[PDB]
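Chains as they are written, first to last, in the entry's author numbering: chain B, 114 to 170; chain V, 1 to 57; chain E, 227 to 279.
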Amino acid sequence: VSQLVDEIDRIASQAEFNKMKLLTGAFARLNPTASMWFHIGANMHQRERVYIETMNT
Amino acid sequence: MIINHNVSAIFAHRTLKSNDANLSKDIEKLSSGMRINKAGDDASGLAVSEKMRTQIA
Amino acid sequence: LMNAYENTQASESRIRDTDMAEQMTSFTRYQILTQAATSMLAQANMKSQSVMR
Numbered sequence: 114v115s116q117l118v119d120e121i122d123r124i125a126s127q128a129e130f131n132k133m134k135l136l137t138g139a140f141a142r143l144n145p146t147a148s149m150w151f152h153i154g155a156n157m158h159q160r161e162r163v164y165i166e167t168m169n170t
Numbered sequence: 001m002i003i004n005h006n007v008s009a010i011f012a013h014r015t016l017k018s019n020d021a022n023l024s025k026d027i028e029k030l031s032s033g034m035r036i037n038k039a040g041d042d043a044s045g046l047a048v049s050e051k052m053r054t055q056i057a
Numbered sequence: 227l228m229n230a231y232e233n234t235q236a237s238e239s240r241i242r243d244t245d246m247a248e249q250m251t252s253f254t255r256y257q258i259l260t261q262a263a264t265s266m267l268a269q270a271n272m273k274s275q276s277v278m279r
C-alpha cells in the first residue's frame, strides 16, 4: 500500500501533454492557476473551457 | 493592336508559375507522407510535433 | 507508459502526418490548373499574329 499510494502521486505529478501538468489541480474550478480553453470556432468568442480537478493522494 | 508586348501572356505566365509552386509542394507531402516537410508550413505546429517525438521516443 | 505512448503518438501523427486522401484532392486540382494555364499561354502567343494582315 505504501508503494501504490506513492504511485498515485507519481502519475499526477508527471501527467504531461506537450509539457504541461494535467492532474495537479491547475485547471480545476475552485482554486485555479490556469484556464484551459479550446478555440473551436472561426470567430472571436467561440471557445469552451475544460475543467480538470486534482487527482493526487 | 499592340505587338510589342503581350499583356495577356505575362498574366498567363504569372499564374502558371505560381501553380507549379503549389504542384511542387503537394508532391513533397505525398512522397514523404508528412504534412510538414520544410519549416514555415506550420512553424508553431512543427515545434509541437518535434516535442512530442521527443516525448514519444 | 504504453498507454501514454499511444495517446502522445496519436497527437503527433495528427499534426505531422498528411491526410493522404485530401492531399491527392489538392494534387489533382493544381495539376489541372497547370494544363489549363499552359493552354491559355499557348493561346495568347498565337493571338498576336492576327493583325499582320
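Idealized CB from N, CA, C, for every residue including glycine.
CB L30 of chain V to CB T260 of chain E, shorter than 8 angstroms?
-> Cβ distance not < 8 angstroms, so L30 of chain V and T260 of chain E don't count as in contact.
Close beta carbons around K38 of chain V, own chain, < 8 angstroms, minus the five adjacent residues each side | Within the same chain, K38 of chain V has close Cβ partners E28.
Simplified DSSP assignment, three categories, for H13 of chain V | DSSP, read as helix, strand or coil, puts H13 of chain V in helix.
Cutoff 8 angstroms: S8 of chain V Cβ touching any chain E Cβ = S8 of chain V counts as touching chain E.
Within chain V, partners of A247 of chain E - CB distance below 8 angstroms | Going along chain V, no residue has its Cβ under 8 angstroms from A247 of chain E, so there is no contact; the nearest lies around 11 angstroms.
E161 of chain B, enclosing beta strand (DSSP E) - first and last residue = Note, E161 of chain B: beta strand (DSSP E), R160 to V163.
With 7 angstroms as the C-beta to C-beta threshold (strictly closer), list the residues of the stretch 32-49 of chain V near chain B in chain order.
-> The residues in question are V48.
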